[PDB]
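Undergrad:
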Amino acid sequence: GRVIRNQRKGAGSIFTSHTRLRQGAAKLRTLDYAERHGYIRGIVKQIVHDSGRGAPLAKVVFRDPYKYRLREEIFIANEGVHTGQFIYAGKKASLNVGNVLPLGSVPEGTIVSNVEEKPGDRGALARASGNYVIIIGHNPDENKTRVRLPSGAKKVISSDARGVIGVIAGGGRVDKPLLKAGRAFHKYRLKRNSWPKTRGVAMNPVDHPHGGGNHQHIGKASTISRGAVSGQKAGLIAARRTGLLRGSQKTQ
Amino acid sequence: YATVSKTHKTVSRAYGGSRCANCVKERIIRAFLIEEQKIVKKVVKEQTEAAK
Amino acid sequence: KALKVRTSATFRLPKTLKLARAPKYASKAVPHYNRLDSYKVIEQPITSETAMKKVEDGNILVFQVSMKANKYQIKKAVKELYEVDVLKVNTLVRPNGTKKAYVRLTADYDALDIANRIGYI
Amino acid sequence: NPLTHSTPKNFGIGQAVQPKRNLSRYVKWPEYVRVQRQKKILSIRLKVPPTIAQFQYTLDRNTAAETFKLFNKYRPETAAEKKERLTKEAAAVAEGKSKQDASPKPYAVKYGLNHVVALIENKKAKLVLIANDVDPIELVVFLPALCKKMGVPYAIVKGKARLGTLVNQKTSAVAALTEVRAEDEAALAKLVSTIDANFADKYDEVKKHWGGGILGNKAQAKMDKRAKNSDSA
RNA sequence: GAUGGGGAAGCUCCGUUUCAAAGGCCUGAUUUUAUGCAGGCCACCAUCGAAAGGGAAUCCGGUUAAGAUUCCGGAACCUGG
RNA sequence: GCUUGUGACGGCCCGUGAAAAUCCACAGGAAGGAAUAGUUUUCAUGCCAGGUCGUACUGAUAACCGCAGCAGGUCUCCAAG
RNA sequence: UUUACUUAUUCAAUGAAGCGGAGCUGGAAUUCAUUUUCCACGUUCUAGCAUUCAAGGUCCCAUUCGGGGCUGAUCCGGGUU
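Residue numbers (our numbering), protein chains in the order written: chain A, 1 to 252; chain B, 1 to 52; chain C, 1 to 121; chain D, 1 to 233.
#1: Fully enclosed by the region 43-104 of chain C, which alpha helix (DSSP H) runs are 4 residues long or longer?
#2: For residue 234/A, which of 244/A, 211/A, 216/A, 215/A has the nearest alpha-carbon?
#3: Exposed or buried, which one is residue 138/A when buried takes at least 16 other CB atoms within 10 Å?
#4: Counting only beta-carbon separations shorter than 9 angstroms, does residue 6/C have a partner in chain D?
#5: In three-state terms, what does DSSP make of residue 84/D?
#6: At the level of alpha carbons, what is the spacing between residue 46/C and residue 5/B?
#7: Determine the contact status of residue 218/A and residue 237/A, defining contact as a CB-CB distance below 9 angstroms.
#8: Taking the alpha carbon of residue 119/A as the point to measure from, which residue in 197/A, 134/A, 133/A, 103/A has its own alpha carbon closest?
#9: Over the uninterrupted beta strand (DSSP E) stretch that includes residue 69/A, give me the two end residues.
#10: Drop a sphere of 10 angstroms on the beta-carbon of residue 144/D, count the other beta-carbons inside from all chains shown, and report buried for 16 or more, exposed for fewer.
#11: Could you compute how far the alpha carbon of residue 114/A sits from the alpha carbon of residue 19/A?
#12: Which residue marks the beginning of the beta strand (DSSP E) containing residue 157/A, and which one marks its end?
#13: In the DSSP assignment, find the alpha helix (DSSP H) that holds residue 30/B and state where it starts and stops.
#14: Residues bridged to residue 145/A by DSSP?
#15: Would you please verify whether the beta carbon of residue 93/A is less than 9 angstroms from any beta carbon of chain D?
#16: Please classify residue 49/C: is it buried, with 16 or more other beta-carbons within 10 angstroms of its beta-carbon, or exposed?
#17: Write down every uninterrupted run of the alpha helix (DSSP H) in the region 77-150 of chain D whose length is 4 residues or greater and which is fully enclosed by it, in chain order.
#18: Please identify, using Cβ separations under 8 angstroms, the residues of the region 22-41 of chain D that lie next to chain C, in order along the chain.
#19: Do you know how far the Cα of residue 211/D is from the Cα of residue 193/D?
#20: Please state whether the Cβ-Cβ distance between residue 180/A and residue 158/A is less than 9 angstroms.
#21: Residue 22/D: buried (16+ other C-beta within 10 angstroms of its C-beta) or exposed?
#22: For residue 223/A, which of helix, strand or coil comes out of DSSP?
#23: Which one or two residues does DSSP pair with residue 79/A in a beta bridge?
#24: If we call anything under 9 angstroms between Cβ atoms a contact, is residue 103/C one with residue 74/C?
#25: Of all the options 213/D, 200/D, 175/D, which has the alpha carbon lying nearest to the alpha carbon of residue 111/D?
#26: Beta-carbon separation of residue 52/D and residue 42/D under 9 angstroms?
#27: In the DSSP assignment, what are the bridge partners of residue 49/A?
#28: Going by beta carbon distance, what residues of the same chain come within less than 6 angstroms of residue 70/A, once the five residues before and after it are set aside?
#29: Counting only beta-carbon separations shorter than 9 angstroms, does residue 218/D have a partner in chain C?
#30: Who are residue 3/A's beta bridge partners in DSSP?
#31: Taking Cβ-Cβ distances shorter than 8 angstroms, what residues in chain D pair up with residue 3/C?
#32: Residue 54/D: buried (16+ other C-beta within 10 angstroms of its C-beta) or exposed?
#33: Leaving aside the five residues before and after residue 52/A along the sequence, list all residues of the same chain whose C-beta is less than 8 angstroms from its C-beta, in chain order.
#34: Count the CB pairs spanning the region 91-106 of chain A and the region 28-44 of chain D that are closer than 8 angstroms, and state whether there are at least three.
#35: Give me the Cα-Cα distance between residue 208/D and residue 224/D, rounded to the nearest whole angstrom.
#36: Could you tell me the distance, in whole angstroms, from the CA atom of residue 73/D to the CA atom of residue 190/D?
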């Protein structure tokens, strides 16, 4: 009967919509002949800050070619542009600063925005692709593209996307310690809650399968197997290494 | 607004609703700038595919 | 036998025809009787000191309505009698079983001269 | 007149509003429409069953014309012109005491499709036709076999609705003649040599081979264009 | 918390638009036809859901054994037909 | 002096300050139109109509919720010298 | 392991939005007799501007302030990006 606080997401209450503060999504509108190989132009004016974190959002509203309507669509903005600057991204034209081109019509060094990973389709039924323009070099070989990130993974996919060049002031926010503390509730009153990460040498005594009793010491390995039991998964999963990464790089 | 007469809000004028201050002036000044450059891209810039 | 012109919205709902929808007989032959009449709405006028005050201070009559009524079933009831117009109808709520009502008149008719003529004194 | 110009007009796609064009598929198709277009195919898309392979073959309008007109003179009387006739023979058959005596012979054309028994064991089958739509798929794979074994001249035709009008119904079947008059005697034996030389000679050869090679759609707009560059670019 | 889908022997639950044939109006030919065939448009298309929030409109004074911004007297405004 | 309300700023934003209906305005100008007569139903003036339900006292150190005439718990408005 | 053609399953949008092959045509690249191949097919300095069966031609009830084809926007495919 006494469960652990890893098996909670099955009530639909304290895990539901908790983000009044925000507005809309970020996925683009209807795709046509324009928003792909040929000619695609974007806009950015009211750079309203992204609610919940540190990012900009723009009121990218396109005059619908199919019908006289200008539905307000809050999309992701970028840093470097002022209050109003149209995108100059033409496949049959050229390239400048802050443009939107597929991952095939551009050479190495192309950090676009995130929207989709599939050859376009207004939010591909998937998403296991890139997080946006954030991409270095590509691959001239056919329509394939080999991306790479310092996270430690590889991926080979297509070379078509609707991401625009631009940056977001996020670097430094996590590099600068939460000095003036008082952050946990309003911290992750954002979308849900996942910041209690939470201890007790005697949190649940006549139990602790890990190891505790009456003294600060564990017993069993906190490395719970992935395919073994879904009733003991409390702590590390599928361990391999453990060390200390120093600041001095200069490696191979 | 509907309770009061029409002659208490916009009694005349024209370009004055969603824009004001100096936006009423900018909607004509900048317009004349580009339209005068349209002629160039209709006879002068169309001399590329003239000598086939 | 070629390209049918459909340059509009998707032809969804068909174009039905309104047939002569008329019954061959009455739904229940004899319709329900009228539950509204002048000789059923009013009942027994309450004779008290509180009632007399609410008569000569605004030209209002005092009776006793049944239950379900509005500002017309009482108004039309008076007009059906001796043809008397009503300026304002007052309907109250009596949470016990019965109910009361007030009937206002015009500046032409008199409340005291119509009270001893309708029935009571 | 003096303001005569030329060249097509251009809208900036994002700018302006475009009007509806020649909508063909835009007016989205109904539910079972996307189903029926993939339902009744059989001999169009992929391969065909050797037991049939006759739905792709049709009859010319030069022979079928004389065939339909031949069955025009042979048809039972309708319900509107038969029930009233019973009152006319009241003083000739009923009160006349003459059961099937003072009456002309009703030369009716033969019929029957999925219910044929007495027309095989008694050898009373001549001209045999095949239905068009045929909803029961299981009731068509043994129709030519009911004529090939007995040597009955079967004719692979398409249609049974118009022939249902000369039978006082809606759908028809075969149309053989066992007791035909001398008026259309030469107009019946002439069609025998035609059917036997265009249908009876093609059964064993058709049974062996499967049947296919039919072009599809966009599929042949890339597959055939690939072999062209693979052999001689 | 439904219809149109998708499990189960029955009693039902979740989701709220996740393959639509969902809704039927302005005008032309028609006051006295309670409306049958063709163009040009609009993507909203079960409901319920706050007596501290949201919100076009009325206050003061006097009388009675009790209670009003409701009746009486005086002074005004808005919406729909 | 204190209390309440409003306009114009700064500081705070590692944690970034809901949703909907009605009314009004601007851009755009497609239909229908006048000399003993056309064109607004928007101002002024005048006339008519607008249901049902809810409704008082009290609301707490003699009135609700703890067998009871209990010293417990119990939201909100104006806040004197 | 295995390229194309797959009447069965699932499938984001769905107001099937301007698509692929083929097909009236340029330019770039060099020669074997011609188009047997590869980029073409409405915005790209500025919240200044943009729509109403597109501004223009031919064919009709006649001199009408409107309306009805084709071209503009040719097909196949009905598996539209």
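Beta carbons: idealized from backbone N, C-alpha and C, even for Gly.
TA: With the structure as the only source:
#1: 49-53, 75-82
#2: 211/A
#3: Buried, since its Cβ has 16 or more Cβ neighbours within 10 Å.
#4: Interface residue, yes.
#5: coil
#6: 52 angstroms
#7: no
#8: 103/A
#9: Counting along the chain, residue 69/A falls outside any beta strand (DSSP E), and DSSP gives it neither H nor E.
#10: Buried, because 16 or more other Cβ atoms sit within 10 Å of the Cβ of residue 144/D.
#11: 21 angstroms
#12: 153-157 is the extent of the beta strand (DSSP E) around residue 157/A.
#13: 23-35
#14: 157/A
#15: no
#16: exposed
#17: 118-121, 145-148
#18: 22, 23, 24, 26, 27, 28
#19: Distance between the alpha carbons of residue 193/D and residue 211/D is about 27 angstroms.
#20: At least 9 angstroms separates the beta-carbon of residue 180/A from that of residue 158/A.
#21: Under a 10 Å Cβ-count criterion, residue 22/D is classified as exposed, with fewer than 16 other Cβ atoms of the shown protein chains found around its own Cβ.
#22: strand
#23: 167/A
#24: yes
#25: Residue 175/D is the option with its Cα nearest to residue 111/D.
#26: yes
#27: 56/A
#28: Once the five neighbours on either side are set aside, the close Cβ partners of residue 70/A are 61, 63.
#29: no
#30: For residue 3/A, which the question treats as bridged, DSSP gives no partner whatsoever.
#31: 22, 24
#32: buried
#33: 19, 21, 22, 190, 191
#34: no
#35: Taking C-alpha positions only, residue 208/D is separated from residue 224/D by approximately 28 angstroms.
#36: 18 angstroms
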